[PDB]
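*Asks:* Below is the structure I would like to discuss, written out as structure tokens.
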Protein chains: 4
Amino acid sequence: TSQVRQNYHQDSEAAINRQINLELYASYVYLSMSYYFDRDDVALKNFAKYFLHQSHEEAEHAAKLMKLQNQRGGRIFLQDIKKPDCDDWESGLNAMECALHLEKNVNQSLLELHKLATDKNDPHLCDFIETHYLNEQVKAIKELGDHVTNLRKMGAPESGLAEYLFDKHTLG
Amino acid sequence: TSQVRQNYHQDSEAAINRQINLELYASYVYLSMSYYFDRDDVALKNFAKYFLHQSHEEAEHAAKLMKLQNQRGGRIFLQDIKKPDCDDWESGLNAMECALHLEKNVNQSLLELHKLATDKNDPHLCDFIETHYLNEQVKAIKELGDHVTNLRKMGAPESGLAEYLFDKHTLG
Amino acid sequence: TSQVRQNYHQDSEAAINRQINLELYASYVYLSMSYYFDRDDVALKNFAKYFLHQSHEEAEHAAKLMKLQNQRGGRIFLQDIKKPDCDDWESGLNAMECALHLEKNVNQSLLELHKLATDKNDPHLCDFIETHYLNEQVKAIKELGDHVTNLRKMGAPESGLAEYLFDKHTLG
Amino acid sequence: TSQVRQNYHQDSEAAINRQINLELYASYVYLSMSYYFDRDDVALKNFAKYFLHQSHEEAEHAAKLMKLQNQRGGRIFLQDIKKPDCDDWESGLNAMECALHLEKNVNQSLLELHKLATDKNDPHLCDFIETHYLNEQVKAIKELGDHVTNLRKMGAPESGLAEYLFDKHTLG
Ligand code: NA
Ligand code: NA
Ligand code: NA
Ligand code: NA
């Protein structure tokens, strides 16, 4: 119906809406993590800062998807942003592992979206995904994997000194 | 249980958690409005910009509340961020009226929170609310009322020229 | 025959030549529009400026396609640039609607070109189209749709005041 | 009797004098801690610097209270500044825990002062306490709690390496 809509399948529109909700959910998870590390009984300031930055970045990814939805003449349908799985993330290492799992889940969703766009012969949508989301996800996954490896090698979560020093030296 | 907790009632902690969720919900409503005005069949760029700025400000208010929760030794319990009431906000004037209603609802919640903090003799929480939330809410309500008045006087929503010119001159 | 030619199908070469001609035709249409709004009995300077800028941009798109043709070892075959459909474009709103229709036609041609390049397994040509043409077209279509929406809402073409104010505030 | 005195109860004046003495005592405790960490057999320079800064800040808080006493027409009655409980503070972690306990005691005194001022309907005194003392105390308590948490997690006081690294990385 939109005067600008061209080569934009309804399935693609629906998938974009689902991706918007997933990105908002990921941002909310990161927010929860960030303020977990701000707790007085956790007190890892750079973990909190790292996850807060991640949250803001995820928010921006969601917003970019909404912008695309409008650009292509699709209609944004928002849904509830579900609360994260955990209130207490239990350690820096556990939070990093959960973030890695989350980023891989988002990446899988993006790959499914790219598959759909390819099936619908929507080169603009494919190129948008590749340009703005896929390599960002690969880099994020690599960085989180590096963090997890380093934390495990340093002796986290059992060694509190490990998480303290990782907070200072890697995230600081 | 928190080593930093002092003169922080459990009722106040719960009310702060509810306020956090309300602020996140308000931010989400503003986001929905912003991207409604970004639609090709609405195309009011400065309305979109205004509501996007409002959304970011609300997000920051929520985050400040979470920071307080941690500062006082309370524990943040996040909840689902419900989707906004509307997908289609129908006009600049209607969006402004809905935003006014929303801001007054948030203000009423903040006033109830202040009443609770006064009843619990929590001067720090009272002062926090007064310093960071109450006057901001009064100013926001006044600004939205001004916008609604001007839009109505110009002939919105029936006159599209009114909303166009208000977009340019007041929000631009 | 070209020493540089590699994985460049003759069908792709022919389609590129057709695209070159289409881009030149679009530039010529925009030129006609621009100088229509420069007429003393139309006198919408920023409409003229907008369409002149569009014309120059289209010319540059054509030239970029010719550069690609040479880069890949294809041979440029120019054809007559047909005159635009209209000498008199009748209004700012009508010109914007015609420009929207034209941009969607160019976009459809580009999508067909991308389909051909995908069928011929020419990833370089696909990537060229995606990187330099597809998102530019989506943005142009969105912008024109916004202009059309705003002009219609303001009361164009009947209200001359609408086109005057749109000339000043949006295109100025 | 003072020409400037207005709505300043004698009970409030006495409580302000007691608060002045408490702030001076806290400054003296911090001074003792600071020079404990300057000992050659302790030798934690940034612990010493941190506690010296805390001492100076407490002194300034006391002085601000005296200024208020004069502003409101009360009369300053100084009392002996009692020596701190300990000469030897035994470790960085123990000093931080004692500082946390001290700050919470000062905060409790300030809250009692605010309760008194509210009971006497002295909004100026209430606002003074809220503006200059309450949030400062909350922040100080939160910071000390964070320090205590980090020191405990790193393995202090048993691990001298923990206190050394905390000295360098957090307090440095
Ligand atoms: Na993302
Ligand atoms: Na708010
Ligand atoms: Na073009
Ligand atoms: Na003090």
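Starting from 1 in every chain, residues are counted up; chains themselves are A, B, ... following the order of the structure tokens, and ligands are numbered from 1 as listed.
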Residues near residue 71 (chain C), anyone? I mean within 9 Å using only C-alpha atoms, not counting same-chain ones fewer than 4 positions away, as a ChimeraX atom specification.
*Replies:* /C:4-5,66-67
*Asks:* Can you tell me, as number ranges by chain, what residues are no more than 8 Å from residue 148 (chain D) when counting only C-alpha atoms, ignoring any on the same chain fewer than 2 positions away?
*Replies:* D: 93, 96-97, 144-146, 150-152
*Asks:* Please identify all protein, DNA and RNA residues within 12 Å of ligand 1, counting only C-alpha atoms and all ligand atoms, and report them as a ChimeraX atom specification.
*Replies:* /A:19-30,53-65,99,102-110,129,132-141
*Asks:* List the spatial neighbours of residue 75 (chain A) as a list in words - criterion: any atom at most 8 Å away, only C-alpha atoms, same-chain residues fewer than 4 positions off excluded.
*Replies:*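 Surrounding residues, per the criterion: residues 13, 69 and 70 of chain A.
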*Asks:* Please write the residues from the selection above to a file, keeping N, CA, C and O atoms, as a compact mmCIF listing (two decimals), in the first residue's frame.
*Replies:*
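That gives us result_30.txt:
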# COMPACT_ATOMS: atom_id res chain seq x y z
N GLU A 13 9.09 -8.12 5.85
CA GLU A 13 8.63 -7.11 6.80
C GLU A 13 8.42 -7.72 8.18
O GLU A 13 8.87 -7.17 9.20
N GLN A 69 12.71 -0.35 8.13
CA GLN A 69 11.32 -0.72 7.94
C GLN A 69 10.56 0.43 7.30
O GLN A 69 9.82 0.24 6.34
N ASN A 70 10.78 1.65 7.81
CA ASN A 70 10.11 2.81 7.22
C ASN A 70 10.62 3.10 5.81
O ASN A 70 9.84 3.47 4.93
*Asks:* Got a sec to tell me which of region 83-157 of chain B DSSP assigns to helix (DSSP H, G or I), as a ChimeraX atom specification?
*Replies:* /B:92-119,123-154
